[PDB]
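Structural overview for review
These are the residues of each chain, in order.
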Amino acid sequence: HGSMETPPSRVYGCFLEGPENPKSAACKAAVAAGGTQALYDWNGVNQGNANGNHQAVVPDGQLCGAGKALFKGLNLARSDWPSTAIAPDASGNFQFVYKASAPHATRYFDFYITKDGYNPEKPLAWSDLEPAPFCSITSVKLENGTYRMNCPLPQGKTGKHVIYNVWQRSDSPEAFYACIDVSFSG
Ligand SMILES: [Cl-]
């Protein structure tokens, strides 16, 4: 269990607004569509039997909710999901921070990115992501309840995008999924 905290993932950002009084238009709409229970369970956007095959278990149009009815409100095809403007530091990497509320032996954290031109009014599909991840982390250390992971960012990517993070356990077939709304500078 967990989700991305740096930058905040889509589900965790809405939880942090306060499920009883969402502020952003998108988080209000998510609560209207699927209830507060999705936000209370922000750390549980999983598929139990992924086993490294995520397209088997996460349908197109439902990536951010991982194909789960509980999380359908995360799938709204809106341009206003709150985003974080990101850039690498002077090392050339960006430091992701994952809040690991139930730490587990890890096979990988994979990071996918939306294709150039992706229109957020289109429901998010796997084919809207480049087929190969831009960053694949196979070794993580638990530090203060988190994984701090250094990734290069996708080169030449501009504007508002979705990073789709996949955490595959190595001790279980279960995986966790975090859409992360970001923007890249020119
Ligand atoms: Cl720096």
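Residues numbered from 1 in each chain as written, not as in the entry; some residues may be left out. Heavy atoms only, no water.

Under the PDB entry, the name given to the protein chain is Chitin-binding protein CbpD, and the organism recorded is Pseudomonas aeruginosa PA14.

This part takes up the UniProt feature "domain: Chitin-binding type-4" in the protein chain. Mapped onto the present numbering, the UniProt feature "domain: Chitin-binding type-4" falls on residues 1-183. This span, residues 1-183, is 12% helix and 31% strand, and a straight line between its end C-alpha atoms measures 26 Å. (UniProt positions renumbered as here; feature names shortened; annotations may be inferred. Helix = DSSP H or I, 4+ residues; strand = E, 2+ residues; numbered from the N terminus.)

In the structure shown here, the tally under the stated rule is nine salt bridges. In this structure, the salt-bridge partner of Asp116 is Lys157, at a minimum N-O distance of 3.0 Å. With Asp116 in the loop between β5 (106-113) and β6 (135-137) and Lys157 in the loop between β8 (146-152) and β9 (159-169), this residue pair connects regions lying 41 residues apart in the sequence. Judged by its relative accessible area of 59%, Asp116 falls in the exposed class. For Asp171, the salt bridge is made with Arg169, and the minimal N-O distance between the two is 2.9 Å. The partly exposed category is assigned to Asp171, whose relative accessible area is 47%. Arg169 sits in the buried class, given a relative accessible area of 12%. Salt bridges sharing common partners tie together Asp116, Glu130 and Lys157. (Salt bridge = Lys/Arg side-chain N within 4 Å of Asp/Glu carboxyl O. Buried < 20%, exposed > 50% of the residue type's maximum accessible area, 1.4 Å probe, protein only.)

Moving on, we come to helix α2 (residues 25-34). One full turn of an α-helix is made of 3.6 residues, so residues set three or four places apart face in the same direction. Inspection of α2 places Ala26, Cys27, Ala29, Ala30, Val31 and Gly34 among the buried residues, and these make up the whole buried set. Its buried side turned inward, α2 meets α1 (10-17) and α3 (37-40). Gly35 sits one or two positions beyond α2 and adopts a positive phi of about 85 degrees. (Contact = heavy atoms within 4.5 Å.)

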